[PDB]
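Participant: what shape does this take:
(2 chains)
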Amino acid sequence: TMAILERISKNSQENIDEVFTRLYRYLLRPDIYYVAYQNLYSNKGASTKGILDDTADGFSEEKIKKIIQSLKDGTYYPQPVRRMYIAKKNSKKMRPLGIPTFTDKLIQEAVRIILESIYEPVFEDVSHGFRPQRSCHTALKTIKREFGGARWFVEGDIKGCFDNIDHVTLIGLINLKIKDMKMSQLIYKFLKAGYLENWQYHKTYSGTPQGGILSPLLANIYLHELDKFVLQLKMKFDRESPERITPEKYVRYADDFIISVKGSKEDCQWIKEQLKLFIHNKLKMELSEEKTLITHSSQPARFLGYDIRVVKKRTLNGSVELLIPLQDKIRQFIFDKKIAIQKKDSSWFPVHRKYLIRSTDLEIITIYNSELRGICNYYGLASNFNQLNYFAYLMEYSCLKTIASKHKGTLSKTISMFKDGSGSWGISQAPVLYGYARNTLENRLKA
RNA sequence: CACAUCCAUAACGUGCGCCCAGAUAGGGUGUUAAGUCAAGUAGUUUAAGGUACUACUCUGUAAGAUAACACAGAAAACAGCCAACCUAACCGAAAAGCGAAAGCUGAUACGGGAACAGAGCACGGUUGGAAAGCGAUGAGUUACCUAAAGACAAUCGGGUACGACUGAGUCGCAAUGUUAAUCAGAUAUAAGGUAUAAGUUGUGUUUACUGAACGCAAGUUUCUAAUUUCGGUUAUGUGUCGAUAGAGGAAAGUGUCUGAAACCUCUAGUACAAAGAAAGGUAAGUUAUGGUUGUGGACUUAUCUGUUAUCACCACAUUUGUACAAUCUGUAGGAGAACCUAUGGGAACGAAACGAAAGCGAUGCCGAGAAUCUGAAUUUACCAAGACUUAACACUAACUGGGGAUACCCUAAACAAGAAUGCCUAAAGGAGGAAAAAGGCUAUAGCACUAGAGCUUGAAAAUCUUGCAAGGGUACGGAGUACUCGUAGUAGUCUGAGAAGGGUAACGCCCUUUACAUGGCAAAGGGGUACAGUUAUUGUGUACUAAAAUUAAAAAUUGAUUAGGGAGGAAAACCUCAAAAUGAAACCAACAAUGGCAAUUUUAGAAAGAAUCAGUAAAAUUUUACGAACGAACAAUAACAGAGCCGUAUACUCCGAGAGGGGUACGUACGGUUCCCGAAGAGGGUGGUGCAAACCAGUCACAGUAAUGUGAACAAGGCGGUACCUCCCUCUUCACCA
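Facilitator: Numbering: from 1, shown residues only, chains lettered A, B, ... in the order given. Right below this line is the structure:
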């Protein structure tokens, strides 16, 4: 019943110099206090924002251990942190994750608590972004197309997020408030103890099984720290950058970061040089390739998918700058899709996926229609719907082709094509097709 | 500058598939010698050919029509194709009799049947002249907007593949090829197919491995790749601003309106030349995934007497080069969204795909048409299958004969073997004297063990347990080294081989010669025969010491760095005060710079050290060393599912001038290789899981003389069943293979 670090943060020595938020909060505390105390946690096994879509298995506020916490029953648990991560099929961001145990199954909400602590008159932007998003995909909807100050857009390179870390200034700078300088010593017990397990003995970095689903939480935290001084540069920053070109938005990805107004080049020098000034001075991972020598013109580039623009293509450009679904993505995409030969002669095709005893075309309908949606669905704003369409064309022929292939007939492609499918009205119907293709293209996508 | 829009069709995964001899059971393969066959008219040469002509006939010669000549052809058959058709092929249900039904008997009448391939053994036979597919409605049954925006006009105003969807008439391919006819030689080692497996990744471009049985050999299909408003909508339409002329000037440039510096109308989208623009056909090559090799329609190649003719002049289209349009014209760069340089619009800039990569060479083959040159022939000169018959020869299977061990499953098996009366009238005598059977007579009621049946009977029974040779089928896709079983035979002069030397391949295999007796053969399948191998399993270490850098560091230390520990409601507190309700006091964690065990680095002694002795000679089987592993690996337990490839052939086919490819189970035999190894059902015997029916006064009290019978007591005295879980369980799909 750790209803106490609540105190250890809230009370926290308000006479002898303590908690950073001595400037925003003395009364925003008790609300979130009771939230943790009883609301998000009255019963960790049940009252949680946890793993069984709300919690772990039913534990009487952890019927065994977090019955109590103070005595260090789960004292400094390391949960030996094996290197392990998850990459998602778009909008480049691997996932900081590791083996969550009943302990971690609630450390999740624990650090979520400390998050809301660092949140209420503290935070900005739940996970990556500056305009608080709820998924990369939502971030992928929202954060992009809002500003065109002055030209010559930017890129961003280095990782420093699963490979290079401090983890010690990390836990300290934040410990200066609840881990009070005096009379509060039950704080960092796992903030530290995300103890990585690859014969190496750092912690809380290697997609920590100590806190697994919250490894992103701490990662986001340290990234927020990066931006805590992206601040000072944004102060120094758009002073003349909205002047060098103007006569007629610092990015927080979870992997890449560019800025607001641009337009000159010596400024780009300033950019990368200050980058270097703190890239090690803060992260200890440093600029690669001088991150971009910020680009004068625009270019067909990559930035989590909706390319920065300051026969699988078409001219779409203007005074206002615009996303681009970068074919680049689509290349690997269709590749791993493993359905279109790249060239019998500069030529794309259907091929099922070397799957000979395939499972049932019904669940294949599911597989496709799903991926169809998700792909197109999360594929919100992007210029050139065109190649999206030509994709969809191929993608579709793929679907029913795979289908017929599942049945070993006499070249049954057109048979299926003009027999089933939404066109010939395949319930077994596949209305998640061209119809649904531009249904999505319009719904929640133009929106 | 757009929304809708995109070729079909066989083989690979079934039967019979083991072998030992066939050799017309069907047959087939090919080989030869004998007969026929039929060739627009006739004759010719004299075969009775031929096609060779003589003259004459017919067809056609679109090379965008038109007459004539001059050019090429003209049977007959065989093969074959689609339709439809005994339905005997050949199968099912009834069917049939048959262990006594395990099953076996199905053309029995019915149904299907060119069986999904039987080619490696056919449903036949039959007719006729035809079956998808693909193009274009052959007619129409829905929409669709009617040109100047829509207003009512359907102004049929005009749009039928106008559109949703039924009728294709037509084609063409399907509905085709076979045929013997001057004789050579040279430009073939000609220009070109061509050497040469295999699998197992490394797949990173690496030129690796089994054994690679050829080397050398890495960059790589391409666009990056129409710039004369082809600038802004993909690969068709599909709207537009810009370029120019606004046109009419909507009352549509059709009657009902606003059109205006205009909706809306075409547009106002190089310079020429050149050609053909020719439709079709004839022949070649390109064509959407389970891949490879095929099969059709569509995509490019060439292709189609000349003349006398009448032609009867075609555009457009494109080709090349000129324009400059290039968004630049990227590439790479410097540099206000538009700028600037060698590009050159292909120069890496990429992209992509890849393995002894490609590509190249290498020396083993084929290498038509005989392309042509030149010889020669040249009685119209020549003339011998094209088929189909006969006669004979030789090979012959997946067909015939001869087969046949390894257990299996189940039934009788009268086989056996085992399963034999419950108490009385109460010695004497009888329950079959009354008892009540039991076992048993028809779902067998009683969800369960004596059919509710009367009871018989009172071993019989009919019960279990076993065997079940019987029977039948299970097993013949081969199936590491290993012997045994079944046979040393009928396979046997004649081929894994006689004996061998040679070549002999990666590799056995076949050449020189040797017995007639297994001589060499060497029988089949299926079983048993150890370690490969195999996954699992632990046991034991992943040393057994000691040495080989520390990650080691857990630690002690210390850098004792590192400061600090005050109910939990608490918002400068309220904490509840107490040395001190702040020394953190001396407990908590901070990396440990030294130790730091270890993961281990490797040496390792390996060899009577652990993890084997085989310990022999011999002590008597010990045995130092030495051969000997042994954590410096041994043991336990199940299984080994053909996927190929190279070489000799029943035969095959198809694709081919042939090579050489495709397959025909890794193809059938003998080698030699590499790689066999699950799911999903599933269907068996298991246990447990649970429950409940009881034959069995096993319990009720007992009628009792007991028994037989009395529903609790099935309170599971018990098979069982009973549903879940448990596992070798193919009985079907998994790639037979990008």
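
Participant: all helices for the stretch 51-200 of chain A, in order.
Facilitator: A:102-117, A:136-142, A:169-178 (DSSP state H, counting those that start in this stretch).

Participant: now the helices for the stretch 301-447 of chain A?
Facilitator: Secondary structure of the stretch 301-447 of chain A, counting by DSSP H, counting those that start in this stretch: helices at A:327-337, A:361-378, A:385-405, A:413-417, A:434-442.

Participant: tell me the most buried of these?
Facilitator: Using mean count of other CB atoms under 10 Å, the stretch among the helices of the stretch 301-447 of chain A with the largest mean neighbour count is helix A:385-405, at a mean of 20. In this view, the C-beta of every residue, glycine as well, is placed from N, C-alpha and C.

Participant: ok so, going back, any chance of the helices of the stretch 301-447 of chain A in JSON lines, plus distance to RNA strand B?
Facilitator: JSON lines is the format used below for these (distance: least, CB to the nearest atom of the strand, whole Å):
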{"stretch": "helix A:327-337", "distance to RNA strand B": "6"}
{"stretch": "helix A:361-378", "distance to RNA strand B": "12"}
{"stretch": "helix A:385-405", "distance to RNA strand B": "3"}
{"stretch": "helix A:413-417", "distance to RNA strand B": "3"}
{"stretch": "helix A:434-442", "distance to RNA strand B": "5"}
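
Participant: who touches stretch A:297-304?
Facilitator: Applying CB atoms under 8 Å, 6 or more residues apart in numbering, the set of residues contacting stretch A:297-304 from outside is A:90-93, A:136, A:140, A:151-153, A:155-156, A:251, A:253, A:255-256, A:258, A:295, A:307-310, A:317, A:321, A:324, A:326-329.

Participant: hmm, which of those residues are the buried ones?
Facilitator: Those of the contacts of stretch A:297-304 that meet the buried threshold are A:90-93, A:136, A:140, A:151-153, A:155-156, A:251, A:253, A:255-256, A:258, A:295, A:307-310, A:321, A:324, A:326-327, A:329, by 16 or more other CB atoms under 10 Å.

Participant: the stretch 51-200 of chain A against RNA strand B: which residues are in contact?
Facilitator: Within the stretch 51-200 of chain A, the positions adjacent to RNA strand B are A:72, A:75, A:76, A:151, A:152, A:181, A:182, A:183, A:184, A:185, A:199, A:200 by CB under 7 Å from any atom of the strand.

Participant: give me the distance between the residue in the stretch 51-200 of chain A positioned nearest to RNA strand B and residue A:240.
Facilitator: Among all residues of the stretch 51-200 of chain A, residue A:151 sits closest to RNA strand B, at 3.4 Å; criterion: CB to the nearest atom of the strand. Distance of residue A:151 to residue A:240, given as CB to CB, to the nearest Å: 14 Å.

Participant: residue A:272 now?
Facilitator: Distance from residue A:272 to residue A:240, counting by CB to CB: 17 Å.

Participant: those two: who's more crowded?
Facilitator: residue A:272 (18 against 13; other CB atoms under 10 Å).

Participant: hang on, that one in a strand?
Facilitator: No - per DSSP: H, G, I helix; E, B strand; the rest coil, residue A:272 lies outside any strand segment and is helix.

Participant: was I right to think it contacts residue A:291?
Facilitator: Yes - Residue A:272 is within contact range of residue A:291, at 5.7 Å (criterion: CB atoms under 8 Å).

Participant: state the distance from the closest residue to residue A:20 other than its chain neighbours to residue A:9.
Facilitator: The spatial neighbour of residue A:20 that comes closest, neighbours along the chain excluded (CB to CB, 6 or more residues apart in numbering), is residue A:177 at 5.3 Å. Plainly put, residue A:177 is 7 Å away from residue A:9 if you go by CB to CB.

Participant: shared neighbours of the two, anything?
Facilitator: Here residue A:177 and residue A:9 share the contacting residues residue A:19, scored by CB under 8 Å, 6+ apart.

Participant: who's more crowded, these two?
Facilitator: Comparing residue A:177 with residue A:9 by neighbour count (other CB under 10 Å), the higher total belongs to residue A:9, at 25 against 21.

Participant: give me the residue from the stretch 201-350 of chain A nearest RNA strand B.
Facilitator: Residue of the stretch 201-350 of chain A nearest RNA strand B, by CB to the nearest atom of the strand: residue A:311 (3.0 Å).

Participant: how much space separates that residue from residue A:394?
Facilitator: The gap separating residue A:311 from residue A:394 is 12 Å, by CB to CB.

Participant: what does residue A:343 give?
Facilitator: Note on residue A:343: its distance to residue A:394, by CB to CB, is 14 Å.

Participant: again with residue A:43
Facilitator: 51 Å.

Participant: how about residue A:357?
Facilitator: Distance from residue A:357 to residue A:394, counting by CB to CB: 25 Å.

Participant: can you check residue A:183 too?
Facilitator: Relative to residue A:394, residue A:183 is positioned 66 Å away (CB to CB).

Participant: now do residue A:124
Facilitator: With the distance defined as CB to CB, residue A:124 ends up 42 Å from residue A:394.

Participant: and if you look at residue A:122?
Facilitator: Distance check for residue A:122 against residue A:394: by CB to CB, it reads 49 Å.

Participant: and the lengthiest helix in chain A, what other elements does it pack with?
Facilitator: Under DSSP state H, the helix in chain A containing the largest number of residues is helix A:215-237. For helix A:215-237, the helices and strands in contact under the criterion 3 or more CB pairs under 8 Å, 6 or more residues apart in numbering; DSSP states H and E are strand A:94-96, helix A:102-117, helix A:169-178, helix A:266-278.

Participant: need the winner for burial among the ones you listed.
Facilitator: Each of the helices and strands packed on helix A:215-237 was scored by mean neighbour count; the highest is helix A:102-117, a mean of 23, by mean count of other CB under 10 Å.

Participant: number of nearby residues for the nearest residue to residue A:220 once chain neighbours are set aside?
Facilitator: Among residues not flanking residue A:220 along the chain, residue A:127 sits closest, at 5.1 Å (CB to CB, 6+ apart). A count of neighbours around residue A:127, defined by other CB under 10 Å, yields 20.
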